[PDB]
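Have a look at the structure below, then the notes.
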Amino acid sequence: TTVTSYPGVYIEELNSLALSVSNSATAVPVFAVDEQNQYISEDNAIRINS
Amino acid sequence: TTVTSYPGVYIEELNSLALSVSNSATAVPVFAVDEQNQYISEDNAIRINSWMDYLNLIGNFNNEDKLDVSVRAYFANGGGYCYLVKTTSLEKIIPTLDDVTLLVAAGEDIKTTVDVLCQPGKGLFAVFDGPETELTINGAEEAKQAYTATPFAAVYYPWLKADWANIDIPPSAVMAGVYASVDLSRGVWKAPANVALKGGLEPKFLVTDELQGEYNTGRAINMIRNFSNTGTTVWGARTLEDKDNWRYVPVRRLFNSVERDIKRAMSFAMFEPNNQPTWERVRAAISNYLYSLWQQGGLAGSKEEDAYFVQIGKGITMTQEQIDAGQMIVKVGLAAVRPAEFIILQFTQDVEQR
């Protein structure tokens, strides 16, 4: 863990495993567009917000 | 003991065997420099402390040469002091050195020198660098063939590419700094994987998850993988050996730093006469070291009778005829913790069944 070589003040911050569970993005869909639609670029997930 | 010749006051200070175990220098690496680098002197372990201390050797030229980039990337990740030796005289300098415990190849192909160097008794777990070329998934049987399976090694696949110093950084010198950073921060028993690289360097080759499936078995190659949560992280704690005992670089490097902290303490009790007063001090001093690791969580088990055991005594470990040859025998057991390589989650809909 810590090595003590020279006389002095050693600060070492031991911290326990902080574990918490985040809940986010329950229903985020994807839309398989029509193959004929020329505006969607080929093989790229173009993302829209509103 | 004392002789009484004249009438007077005699002061004699009898003192018992004071034995304590010191833990220091867990991960201090050496760098096999390139043979062409003219600045390293021939057959001398020139020792550097920091990058401003290293810059007095050479004031410029951070950009191109592969040793010069590697030690710059080493100090950026983790802090330590490292010796620099030429690979020609690598086997001559390392046995006569104080604390060299990571023989780190800074891209120099020194596999033969490593095998000659480290017996099972010495220690010095020695990391390697992966092949700088592309590794496909169906060419897995040949890419493992170059490395020979030994439990004192570790391979890291993708050579790293940084913004500064546009030549390719070898992954072995980068991972050498993460070892000294993890062993200082969270101790030696915690696995050196799952730690983001503090230097601003990205992997040159992207890692598919199915590509890591058939490489992280057998004599495994650990793989540095970058994903979005933590950036470019190291993602392998396996060594080059596939058996149940010595599968992990935390379970290997804990048995190096315990078998070197006790060996320095045994020099104080070296020529002490072995009877019941002597090997009660040696038993009680070793068992306090193995108790201090258990309170830190380095050893598994519920209570201290299961985490470790130490046995010295006439009878129990050595017979009478071995005492007459003057060799006392210490048996030491350790249950080192192994990392959670595959955390699995089982979900049932039967909650009253339990």
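Naming scheme: A, B, ... for chains in displayed order of the structure tokens; residues 1 onward per chain; ligands 1 onward as shown.
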Need the shell around region 44-59 of chain B: protein/DNA/RNA residues with any atom at most 12 Å away, counting only C-alpha atoms. Skip same-chain ones fewer than 5 positions apart. Format as a PyMOL selection string?
chain B and resi 28-33+37-39+65+68-76+78-100
Near-region 7-24 of chain A list (10 Å; only C-alpha atoms; drop same-chain fewer than 3 positions) as a ChimeraX atom specification:
/A:1-4,27-28 /B:184-187
For the residues in that selection, give me N, CA, C and O atoms as a compact mmCIF listing (two decimals), in the first residue's frame.
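Written file, out.txt:
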```txt
# COMPACT_ATOMS: atom_id res chain seq x y z
N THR A 1 0.82 -1.20 0.00
CA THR A 1 0.00 0.00 0.00
C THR A 1 0.86 1.25 0.00
O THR A 1 1.17 1.80 -1.05
N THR A 2 1.24 1.71 1.19
CA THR A 2 2.05 2.90 1.34
C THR A 2 3.49 2.51 1.65
O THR A 2 3.75 1.54 2.37
N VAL A 3 4.43 3.25 1.07
CA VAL A 3 5.85 3.06 1.34
C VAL A 3 6.35 4.32 2.04
O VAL A 3 5.99 5.44 1.66
N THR A 4 7.14 4.13 3.09
CA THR A 4 7.65 5.23 3.88
C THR A 4 9.16 5.27 3.69
O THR A 4 9.88 4.40 4.19
N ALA A 27 -37.20 4.14 -22.05
CA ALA A 27 -37.79 3.88 -23.36
C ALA A 27 -37.24 4.88 -24.37
O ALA A 27 -37.84 5.94 -24.59
N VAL A 28 -36.13 4.53 -25.00
CA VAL A 28 -35.52 5.29 -26.08
C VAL A 28 -35.57 4.42 -27.33
O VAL A 28 -34.88 3.40 -27.40
N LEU B 184 0.44 1.48 -5.18
CA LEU B 184 0.55 2.55 -4.19
C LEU B 184 -0.82 2.96 -3.67
O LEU B 184 -0.99 3.17 -2.46
N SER B 185 -1.81 3.07 -4.55
CA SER B 185 -3.09 3.64 -4.16
C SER B 185 -3.96 2.64 -3.41
O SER B 185 -4.48 2.95 -2.34
N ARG B 186 -4.14 1.44 -3.97
CA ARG B 186 -5.04 0.46 -3.38
C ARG B 186 -4.35 -0.83 -2.97
O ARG B 186 -5.03 -1.82 -2.70
N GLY B 187 -3.02 -0.85 -2.93
CA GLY B 187 -2.30 -2.03 -2.51
C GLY B 187 -1.96 -2.95 -3.66
O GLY B 187 -2.39 -2.76 -4.80
```
Enumerate the residues of region 231-333 of chain B with a DSSP assignment of helix (DSSP H, G or I), computed from the backbone, and present them as a VMD selection string.
chain B and resid 249 to 265 278 to 295 304 to 307 320 to 324
Could those residues be written to a file, using C-alpha atoms, as a compact mmCIF listing (two decimals), in the first residue's frame?
```txt
# COMPACT_ATOMS: atom_id res chain seq x y z
CA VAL B 249 -1.21 -10.93 -11.95
CA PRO B 250 -2.62 -9.82 -8.55
CA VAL B 251 -2.40 -13.38 -7.21
CA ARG B 252 1.13 -13.65 -8.62
CA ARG B 253 2.46 -10.28 -7.49
CA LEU B 254 1.09 -10.71 -3.98
CA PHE B 255 3.24 -13.82 -3.65
CA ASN B 256 6.21 -11.75 -4.79
CA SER B 257 5.84 -8.91 -2.31
CA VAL B 258 5.16 -11.24 0.62
CA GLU B 259 8.10 -13.50 -0.30
CA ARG B 260 10.38 -10.47 -0.45
CA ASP B 261 9.21 -8.56 2.63
CA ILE B 262 9.74 -11.66 4.76
CA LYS B 263 13.10 -12.49 3.14
CA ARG B 264 14.45 -9.10 4.21
CA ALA B 265 13.20 -9.75 7.74
CA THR B 278 13.84 -18.19 18.70
CA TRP B 279 11.09 -19.61 16.49
CA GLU B 280 8.44 -18.10 18.73
CA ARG B 281 9.68 -14.65 17.71
CA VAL B 282 9.84 -15.67 14.04
CA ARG B 283 6.36 -17.18 14.18
CA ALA B 284 4.86 -14.16 15.95
CA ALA B 285 6.54 -11.62 13.67
CA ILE B 286 5.50 -13.29 10.42
CA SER B 287 1.95 -13.91 11.64
CA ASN B 288 1.50 -10.22 12.44
CA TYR B 289 2.41 -9.35 8.85
CA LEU B 290 -0.07 -11.88 7.50
CA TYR B 291 -2.65 -10.53 9.94
CA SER B 292 -2.15 -6.96 8.72
CA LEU B 293 -2.83 -8.05 5.15
CA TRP B 294 -6.00 -9.80 6.30
CA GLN B 295 -7.37 -6.69 8.01
CA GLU B 304 -7.80 -15.55 10.73
CA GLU B 305 -7.51 -19.31 11.26
CA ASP B 306 -8.60 -19.76 7.63
CA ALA B 307 -6.85 -16.84 5.92
CA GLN B 320 15.46 -33.48 14.63
CA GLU B 321 18.04 -34.45 12.01
CA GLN B 322 17.36 -31.28 10.01
CA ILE B 323 18.05 -29.19 13.12
CA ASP B 324 21.43 -30.93 13.39
```
Need to verify the contact set: residue 12 (chain B), 12 Å, only C-alpha atoms, exclusion of same-chain residues closer than 2 positions in sequence. Can you return it as a PDB file with C-alpha atoms, in the first residue's frame?
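Everything below was put into selection18.pdb:
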```
ATOM      1  CA  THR B   1      27.658 -14.391  29.228  1.00  0.00           C
ATOM      2  CA  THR B   2      28.931 -12.022  31.910  1.00  0.00           C
ATOM      3  CA  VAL B   3      32.235 -12.387  33.748  1.00  0.00           C
ATOM      4  CA  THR B   4      32.655 -10.879  37.211  1.00  0.00           C
ATOM      5  CA  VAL B   9      28.594  -2.343  39.181  1.00  0.00           C
ATOM      6  CA  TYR B  10      28.195  -4.228  35.898  1.00  0.00           C
ATOM      7  CA  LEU B  14      20.353  -8.445  27.289  1.00  0.00           C
ATOM      8  CA  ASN B  15      17.791  -7.895  24.544  1.00  0.00           C
TER       9      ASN B  15
END
```
Write out as a PyMOL selection string all residues of region 150-279 of chain B that DSSP puts in strand (DSSP E) for this structure's backbone.
chain B and resi 153-154+160-161+202-203+224-227+231-234
Kindly save the residues from that selection, with C-alpha atoms included, as a JSON list (two decimals), in the first residue's frame.
```json
[["chain", "number", "residue", "atom", "x", "y", "z"],
["B", 153, "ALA", "CA", 4.72, -12.59, -17.47],
["B", 154, "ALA", "CA", 1.86, -10.54, -18.89],
["B", 160, "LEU", "CA", -0.71, 2.79, -27.97],
["B", 161, "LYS", "CA", -0.70, 5.99, -30.00],
["B", 202, "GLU", "CA", -5.49, 6.14, -27.16],
["B", 203, "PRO", "CA", -5.14, 2.57, -28.46],
["B", 224, "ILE", "CA", -6.36, -2.51, -23.52],
["B", 225, "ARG", "CA", -9.90, -1.52, -24.49],
["B", 226, "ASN", "CA", -11.41, 1.95, -24.70],
["B", 227, "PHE", "CA", -15.08, 2.49, -23.93],
["B", 231, "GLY", "CA", -11.94, 6.22, -21.45],
["B", 232, "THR", "CA", -9.05, 3.99, -22.45],
["B", 233, "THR", "CA", -8.76, 1.39, -19.69],
["B", 234, "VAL", "CA", -6.72, -1.73, -19.19]]
```
Of the candidates B:149, B:190, B:223, B:25, which shows the shortest atom-to-atom distance to chain A, using only C-alpha atoms?
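Result for the nearest residue to chain A: B:25.
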What does the distance from CA of residue 175 (chain B) to CA of residue 163 (chain B) come to in Å, to one decimal?
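Calculated distance between CA of residue 175 (chain B) and CA of residue 163 (chain B) is 17.9 Å.
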